K.L.:
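Here's a structure for you.
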Amino acid sequence: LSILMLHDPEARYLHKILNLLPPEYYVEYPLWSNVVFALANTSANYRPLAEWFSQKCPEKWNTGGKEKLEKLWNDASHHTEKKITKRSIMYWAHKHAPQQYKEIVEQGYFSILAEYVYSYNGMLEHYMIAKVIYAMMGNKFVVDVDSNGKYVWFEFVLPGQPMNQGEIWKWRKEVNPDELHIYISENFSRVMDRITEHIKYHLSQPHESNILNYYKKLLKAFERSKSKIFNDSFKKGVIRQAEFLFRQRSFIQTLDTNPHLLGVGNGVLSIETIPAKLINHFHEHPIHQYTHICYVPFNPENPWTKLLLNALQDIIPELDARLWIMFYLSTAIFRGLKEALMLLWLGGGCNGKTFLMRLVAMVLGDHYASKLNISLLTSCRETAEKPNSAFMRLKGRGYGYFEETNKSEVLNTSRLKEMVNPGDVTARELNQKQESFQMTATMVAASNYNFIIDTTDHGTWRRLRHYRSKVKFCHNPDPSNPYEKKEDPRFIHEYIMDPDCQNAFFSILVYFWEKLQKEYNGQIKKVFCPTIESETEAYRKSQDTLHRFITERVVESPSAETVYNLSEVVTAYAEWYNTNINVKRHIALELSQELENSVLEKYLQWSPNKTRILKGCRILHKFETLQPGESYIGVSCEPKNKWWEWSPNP
Amino acid sequence: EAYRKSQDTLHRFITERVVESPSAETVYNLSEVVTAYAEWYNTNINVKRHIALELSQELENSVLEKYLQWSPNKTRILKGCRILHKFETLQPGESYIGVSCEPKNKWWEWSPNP
DNA sequence: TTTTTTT
Ligand SMILES: Nc1ncnc2c1ncn2[C@@H]1O[C@H](COP(=O)(O)OP(=O)(O)NP(=O)(O)O)[C@@H](O)[C@H]1O
């Protein structure tokens, strides 16, 4: 409600006096209305009755009796014979508690400025008006020192302001306090004028003995010093001195650290509790970054929401795969520690990639999502003192997507383990110091052919997920093929640029995040989808070349007198891999311990020369050459016009 | 100790590819051993470059000393001890050359003087 | 501190 508006410190000044009033006005009709009438006589702008509602009880005297007091305030605001001044309010405050009244009024802005003026004979300096400005404007601005050692200003943005779009109810960064400078030459000038009038009143008093010459000297000196408010160097010195008063010591390091708060175009979205709420009023959460998308609650009757849900049904035909992909993409709005997962999307031609992943990126914005290049995953890493500015593009963001594949790229598994696990990553920002941060990103890679996984350890395969698109988008040549559908170019040209479509998709993402938090305990491994698991299993078995070599080249041989040791089969694997993907020089010791388990452990035996003397299992080492014996060693409901709420099985 | 024994590739090469051939006239200068060990290391261990001289000193400091002798031309030679040069193909005679508590209540604290 | 140029 902002009962004490930050643009008017006299509301806070008057609220202190209303607290200072005796509690006999609390829970009573007549004198409460008398003070309301007096306060409306002094200033009728809905401020002092709001302060009455805040400090004391709003309607405890009569529930539903607000409108009677509103009508009384209206009658006070109209022409009123009686006109009670504010001096009656000061008289009542002094009557209730004189010492408390005095102690309350020493901390006001006018008393601080008047004390400075009287104690320094009208000579005003930088720290004095900096202190007054901090007293009257200290809740709207903040100062902190960044990593480079510079003092940076931050301003809280209110609805009525020349504001960049999406900045409301947040802290915006300022290289200079633009508003404070104007405030000094405007609002502060007004209070200076009030002090001038007070000095004129004290001049209008009788001469007494010698105080009148002192008063004219004070008036002359203050009139000389009053012009310094509009001087550029004086204002610069005032702002420089105000940096030590507006300073908050741990503001920048706290600035975007709550992962349950998300800056959005109409305020701050809080996903701490279900349902998620929209803070569009004053608050104390430090929020700087935001997205341009405004948060509206999820409503399927919206035409854009209906269009987007139909599009989602078009892109992914399987219901369980659609639910899993939506649950996975919903975790992109969270910027905390999440599970070590990675999704690979494979599509032949015109598919839903670059529409869905780019939609997530555009609804999250530049601060919360980013597009990443495939050189971070495929090429070998650089020496860490080089400032990799592409690796710094996932510091404080919860979503990342790769989009480029040259020709069946082979990804570096060390980079995969580095960029997926919930741990710390060390890298150097360009022209900056080497630093460590936390991995909080949900990652999706879209490919056109495939990815080659060289390793077969449990570490890289417990964090890899694979999906293949089953829908081809060919509008002109759309045959009876069910998986074949006619396309609209608008989805890539107009719908992805439309703010209403982005708002609807963000609402869908928030709804699916809440669904994941409700049905499961936010854990995505409990999402039971057989299609994704089966596709990952098939992809893993395709990438595992050990079993393919053992089933293809190694055959059962009855009564075989030939002896095949580990160097022979390692060289056979070397020539097989020469006929496979690429040259791929490897380590023979690790290949020996890797085929140590394999599936030949049943037939493998020990040698007197502490070696491996595996008998039988003659390799073909050519094409065909079939064994005359036998055997092989390698042992060779859809949603009913409704979804996004489906949960009979869970 | 087990890891240091398993990381000694020269001992493994001598055990695997060098066998005590009795009454063998096979002449094996350090260069032959260096080449054989280099292939053995690259084939069994990770392929990597080797220093011929350093390798000669390495193989020199081993059981080879027993069967390693100077030549009339002052050249290190391995008397007999035919090398396998391939899988099996070992000398049966004279066999090969390469020899072939409980926490009770709390575990954080223990015997100060075991 | 980068660009570089390490190569
Ligand atoms: N649900 C949908 N319904 C109709 N048309 C769609 C839908 N999703 C995408 N399209 C269209 O499909 C076309 C293919 O574009 P795009 O999605 O970028 O292809 P892509 O597979 O992602 N990338 P690429 O395979 O290299 O061409 C675009 O013109 C979209 O407008």
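Scope of the values below: all heavy atoms of this structure, side chains included, with no hydrogens, waters or symmetry mates. Every chain is numbered from 1, with letters handed out A, B, ... down the list of sequences.
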K.L.:
Can you tell me which nucleotide in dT3(C), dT2(C), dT5(C) comes closest to the side chain of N431(A)?
P.N.:
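The closest nucleotide is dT2(C).
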K.L.:
Looking at the side chain of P387(A), which of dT4(C), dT2(C), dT3(C) is the nearest nucleotide?
P.N.:
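Nearest listed nucleotide: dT2(C).
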K.L.:
Around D424(A), counting heavy atoms of other residues, nucleotides and ligands shown, do more than 12 lie under 6.0 Å from its CG?
P.N.:
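Yes, CG of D424(A) has more than 12 neighbouring heavy atoms, counting only those of other groups under 6.0 Å.
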K.L.:
Check the phosphate of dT2(C) against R428(A), side-chain N and O only, distance under 4.0 Å to OP1 or OP2. Yes or no?
P.N.:
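Affirmative; the distance criterion is met.
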K.L.:
Take atom CD of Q432(A) and atom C1' of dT1(C), then tell me their distance rounded to the nearest Å.
P.N.:
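Atom-to-atom, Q432(A) to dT1(C), this comes out as 10 Å.
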K.L.:
When the distance from CG of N388(A) to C1' of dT2(C) is rounded to whole Å, what number comes out?
P.N.:
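The answer, rounded to whole Å, is 14 Å.
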K.L.:
Could you state the atom-to-atom distance from NZ of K433(A) to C1' of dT1(C) in whole Å?
P.N.:
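Going from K433(A) (NZ) to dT1(C) (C1'), I get 12 Å.
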K.L.:
With no hydrogens and no angle check, do the side chains of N373(A) and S375(A) hold a donor and an acceptor under 3.5 Å apart?
P.N.:
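Yes, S375(A) and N373(A) have a side-chain donor paired with an acceptor closer than 3.5 Å.
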K.L.:
Rounded to whole angstrom units, what separation is found between the CD atom of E435(A) and the P atom of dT1(C)?
P.N.:
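Between P of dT1(C) and CD of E435(A): 17 Å.
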K.L.:
Starting at atom CD of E385(A), determine the distance to atom P of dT4(C), rounded to an integer number of angstrom.
P.N.:
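Atom CD in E385(A) sits about 16 Å away from atom P in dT4(C).
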K.L.:
Rounded to whole Å, please give me the gap between CG in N148(A) and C1' in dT2(C).
P.N.:
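About 14 Å, once rounded to whole Å.
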K.L.:
If you count heavy atoms of other groups shown closer than 6.0 angstrom to OH of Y134(A), is the number above 12?
P.N.:
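12 or below, so no.
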K.L.:
How about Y449(A): does its OH atom have over 12 heavy atoms from other parts shown lying under 6.0 Å from it?
P.N.:
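Result for OH/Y449(A): open.
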K.L.:
Tell me: CE of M392(A) to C1' of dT1(C), nearest whole Å?
P.N.:
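Distance check: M392(A) CE to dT1(C) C1' gives 15 Å.
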K.L.:
Once you round it to whole Å, what is the distance between P of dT7(C) and CD of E382(A)?
P.N.:
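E382(A) atom CD is separated from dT7(C) atom P by 17 Å.
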